[PDB]
There are 2 protein chains.
Amino acid sequence: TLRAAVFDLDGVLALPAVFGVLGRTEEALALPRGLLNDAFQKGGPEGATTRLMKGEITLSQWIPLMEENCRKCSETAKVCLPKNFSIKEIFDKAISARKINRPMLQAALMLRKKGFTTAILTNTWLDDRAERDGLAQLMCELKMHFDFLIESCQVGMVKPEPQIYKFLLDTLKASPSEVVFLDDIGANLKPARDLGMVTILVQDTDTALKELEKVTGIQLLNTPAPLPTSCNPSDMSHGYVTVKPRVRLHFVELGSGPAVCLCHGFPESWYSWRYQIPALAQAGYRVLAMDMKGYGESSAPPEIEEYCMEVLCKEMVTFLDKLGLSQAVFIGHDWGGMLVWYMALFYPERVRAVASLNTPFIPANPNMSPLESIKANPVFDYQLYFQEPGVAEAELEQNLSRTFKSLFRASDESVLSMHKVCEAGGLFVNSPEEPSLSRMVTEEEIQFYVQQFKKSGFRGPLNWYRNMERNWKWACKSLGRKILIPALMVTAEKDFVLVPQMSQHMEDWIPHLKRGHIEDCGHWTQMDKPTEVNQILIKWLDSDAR
Amino acid sequence: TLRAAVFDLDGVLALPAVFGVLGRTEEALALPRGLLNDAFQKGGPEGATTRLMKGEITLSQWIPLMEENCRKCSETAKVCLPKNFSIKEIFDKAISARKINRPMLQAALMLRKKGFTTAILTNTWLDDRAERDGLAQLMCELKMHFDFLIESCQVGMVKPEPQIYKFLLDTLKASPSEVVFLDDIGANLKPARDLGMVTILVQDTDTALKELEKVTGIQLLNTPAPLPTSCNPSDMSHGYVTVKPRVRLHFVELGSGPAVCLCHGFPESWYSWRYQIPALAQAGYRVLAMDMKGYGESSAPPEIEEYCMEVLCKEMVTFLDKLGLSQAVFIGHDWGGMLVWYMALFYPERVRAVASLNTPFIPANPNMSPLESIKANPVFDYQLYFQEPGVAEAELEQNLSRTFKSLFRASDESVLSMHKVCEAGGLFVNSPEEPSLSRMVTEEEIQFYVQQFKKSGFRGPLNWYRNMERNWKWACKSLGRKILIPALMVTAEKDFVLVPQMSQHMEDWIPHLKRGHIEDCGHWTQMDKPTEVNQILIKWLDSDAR
Ligand SMILES: Nc1nc2ccc(C(F)(F)F)cc2s1
Ligand SMILES: Nc1nc2ccc(C(F)(F)F)cc2s1
Ligand SMILES: [Mg+2]
Ligand SMILES: [Mg+2]
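Caption draft 1: Expanded view of the UniProt feature "active site" in chain A. Residues and elements named next belong to chain A. The feature "active site", as annotated in UniProt, sits at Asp-334, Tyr-465 and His-523 in this numbering. Summarising the element assignment, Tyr-465 is placed in the loop between α21 (459-463) and α22 (468-476). Given the relative accessible area of 3%, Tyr-465 is considered buried. Setting aside anything within four residues of it in sequence, one finds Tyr-465 in contact with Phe-266, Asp-334, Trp-335, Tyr-382, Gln-383, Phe-386 and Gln-387. Within the secondary structure, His-523 sits in the loop between β15 (514-518) and α23 (525-528). Not counting residues within four places of it along the chain, the set of residues in contact with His-523 comprises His-333, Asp-334, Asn-358, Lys-494, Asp-495 and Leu-498.

Below is the structure:
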């Protein structure tokens, strides 16, 4: 029967409420109890505050009216307001102290996840103060999780007027008995209750959620820890830069602040960063999540040499030039990890900081051909399989769904063996026609990759492995250097190819290297352990790139 | 005969040279004359410095080697280095003091403009210092003006070794006698001179340019003031955001720092900001230059109401949400000017600062229908002409080249009369079939607009004028408000429609409004007076949005 859930902002989705700041302010200042609440509410439907809430006046215009109300209330209560008494000051503090009430948000998210339509209905104001960005940020962070945001001051109506509730119902396309409405102010619940909506009077969050759970019959309290926010491709800003006549690079872009360029591995996509992109933007960065050359909406020329590390790096430099960025933080996984270490070594002036997931920095051995070095380690046999043009392409393109569903597996989910792939005749020779779906991914997410790889297939991607010799000669030029910019290496306990021990000598070349390590994490790090990846990157960003 | 010009960076394109910093440092510190230059050059082809210049080691690795060289030189000269003597410190100061030598750049630009191939050939280093961003910025600013940038440390060779000159020639695809090469170091000129290149020994800039002028036969000195840098469409980052199912907005994006959203007028394009986009990025902003809805690569739905101010503004807000920007500075011209004032009034929390070129803020008159208000002023008659769907579209789409070449005219170039357009039967009834080309635009630039308007024509654009009533009712809701965020109004002396006097009462609504005024400037402000527009916007940005 219930299909919709509506939440207030103040005192419900965000805490502490600014009304309670009026209580504590009175106390702090030893003013008459309720004096500030009286001044705030003065004149009722025709007072200063309603005009504010209705969008008639802005916050800055209101401040002096509330001041005057405070004067009038104090005279009649026969007291004096403190020297320095400051409504602007009081409200700036209050409004910056107010934060998202995380458990309420996560309950709203869960209900949306089970198919509820969700909304924020709030009495709020047009905020034109010097410090208004604080609130614009809060509202952005909250509103992206909801179907609708209805603001008294944009619609010209206020709780508890009955018309806003009708406007609510009409926005929801729902009848009153399909809606639960939560509010901390009982007078605002009354009109919902009159039309027969379920209402919840929100005092402490846990009790409200207990009521919310009982009435929707969905578990909201004590639920396991949710994944980070993911990205919907068609809600993102998509960018395109031509780095040379036949080559355009695509990327998705979110956030403001220092530029952070994410570089995926093989055979992946910008979308492999889907759990990091919102979290890093939210953390105060400008994320640029590439399709690396060969992939997705980026160009994919056929020639092998178009994909050697030298050419790929020069092109990432051009990509910064054309966007007008003197630097970016470069963060890479798997092949993209190898690439960002090379960016650090050859273009340190363009790299604000460098991080790699899984891929260690190992200097080229000038005394051993790279092919030889690859044959030394049985777990790289799949790279030799990749050498002969066409062979891996035919197997990997043959059935894309089976391809990604085989590849993208957590460590406990019967990972492909990386072992004696050439001898066996292919990567999938010993895997099912229809693999089961990994816990890491949904069927829809597998189908995004499938549709991406329909544009160019696997030739470009495989070519990243076909420049062993050419990359070795380029790398050899850098053997005298060290990496002395800020650097982070993140190892994954259960990556059985890019093993954590392979990174053990990195401090010889990167003396101030910082590290994170993720346990129980297989090769597909960002979607295996997105929560831990996010925490490790944001902490290193804030300390080293900030 | 001469087809190519090559410039050094230090002492030629950038001043003062870091070598002269070695001179002044010696003097400042009363060290033996030339001691620092000896230490720098110690070991010659096999010393620390050549290894640096060749890319063998990074700047941070070199610093302690130069230190040691300074110690060794001082011992043998039987002196002591100062307490606190600091190579890192000396070079940080020197490298940040170094700036683009503007007259040399503008000469290089001019030669490129007359068809020279131009290049920077420099001995430089891999810069990994904490403060490396300074130089990455310099090099970006310079390199975008040249065909090639050849850096000793990326190519593994140094002036004066003969191989770099051969590598230069081969890059230029030019024979030695077609090249002029300019350098402040005579030993570096010698090998160019050996192959028979024209060389110029650069001491003071003016004499070098005098030589450069004599030998190329092009005027380089005392030339008139050049236009600001323009944008080549196919070198820009192009972005696309879907703000709702049928509507995607396109924009071009350059620079980093606070977001600055440029909103063009009718019937224009992101490209009408072409002279502002590089200058504002260079000034430390992230420019987002829109195709506004109806135009270019943005969607252009047919329905009139899709283009009322309310819908257009909500969509600009969604555009920020999806890009993850809590605010932007909004700068508008003509119709975009009207729109940004509305953004200031209805979404002050999303607008960091607002500026308009030409378009004044005038509050809706609640006592007079807007049509009536438009009929009151003969110079708005062209807006009535625009009302009847199809009529203006047929005239404007009939011949696009004639359309833009008629519209885009400086004040002295027989502007269209805005006068009695309905009576006369059209905007062009009294203009030539083939207008001459305005001084403001090139034939190629007219053809960019023509190709843009081939995608959707004039229906969407004209619809911005077809919501008089609907915009009036929305505006009336804001009549109690003031605009109290940072605001700039820029009037144009010879805009005979959006006249400067029309802005005279703006301080009643925007009490802290700031102003600029541009004399001898017609309606197409950004391309009429791009230099003055750039200076006025950057100054107001740095003081009010920074
Ligand atoms: N630990 C690792 N598992 C895998 C599985 C597949 C591949 C692929 F075939 F895609 F390259 C690389 C690795 S690395
Ligand atoms: N001073 C002014 N000149 C013109 C010329 C044309 C138009 C157009 F037809 F494009 F709307 C508007 C103006 S405003
Ligand atoms: Mg409340
Ligand atoms: Mg020099």
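Caption draft 2: Seen up close, the coordination of the magnesium ion (ligand 4). All names here are of chain B. In this structure, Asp-8 (OD), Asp-10 (O) and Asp-184 (OD) serve as the protein donors to the magnesium ion (ligand 4), at separations of 2.3 to 2.6 Å. Within one chain, the residues serving as donors to the magnesium ion (ligand 4) are arranged as D-x1-D-x173-D. The exposure class assigned to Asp-8 is buried, which follows from its relative accessible area of 5%. On the basis of relative accessibility, which here comes to 13%, the residue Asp-10 falls in the buried class.

Caption draft 3: Expanded view of the coordination of the magnesium ion (ligand 3). Residues and elements named next belong to chain A. Distances from the magnesium ion (ligand 3) to its protein donors, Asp-8 (OD), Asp-10 (O) and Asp-184 (OD), fall at 2.3 to 2.6 Å. For the magnesium ion (ligand 3), the donor residues sit on a single chain with the sequence spacing D-x1-D-x173-D. Residue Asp-10 is found in the loop between β1 (4-7) and β2 (14-15), and its partner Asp-184 is found in the loop between β6 (179-183) and α10 (186-195); the two are separated by 174 residues along the sequence.

Caption draft 4: The arrangement of the interface of chain B and chain A in detail. Each partner contributes residues to the interface: chain B has 55 residues there, and chain A has 55 residues. Buried surface at the junction of chain B and chain A, summed over both partners, amounts to about 4100 Å²; 47% is from carbon and sulfur atoms. Interface area lost by chain B to chain A is led by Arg132(B), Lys322(B) and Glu349(B), which between them contribute 13%. Where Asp321(A) meets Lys143(B), a salt bridge forms, and the shortest distance between an N and an O atom there is 3.0 Å. The interface formed by chain B and chain A holds 28 residue pairs in polar contact in total. Those elements giving two or more residues to the side of chain B that touches chain A turn out to be α4 (59-76), α7 (133-143), β8 (237-244), β9 (247-254), α13 (309-323), α14 (335-346) and β13 (351-357) of chain B. When residues of the side of chain B that touches chain A are assigned to their parent elements, the largest contribution, six residues, is made by β8(B). Counted by class, the side of chain B that touches chain A contains 21 nonpolar, 17 polar and 17 charged residues. Sheet topology places strand β8 (residues 237-244) of chain A next to β8(B); three bridges connect them, and they run antiparallel. From the neighbouring strand, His238(A) faces β8(B), where its bridge partner is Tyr240(B).

Scoring rules and cut-offs
Residues numbered from 1 in each chain as written, not as in the entry; some residues may be left out. Chains lettered and ligands numbered in written order. Heavy atoms only, no water. UniProt positions renumbered as here; feature names shortened; annotations may be inferred. Helix = DSSP H or I, 4+ residues; strand = E, 2+ residues; numbered from the N terminus. Buried < 20%, exposed > 50% of the residue type's maximum accessible area, 1.4 Å probe, protein only. Contact = heavy atoms within 4.5 Å. Donors = N, O, S within 2.8 Å, 3.2 Å for Na, K, Ca; no water. Buried area = accessible area lost by both parts, 1.4 Å probe. Salt bridge = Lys/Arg side-chain N within 4 Å of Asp/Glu carboxyl O. Polar contact = N/O pair within 3.5 Å; in protein donor to acceptor, adjacent residues only side chain to side chain. Nonpolar A, V, L, I, M, F, W, Y, C, P; charged D, E, K, R; others polar. Pairing = 2+ DSSP bridges.

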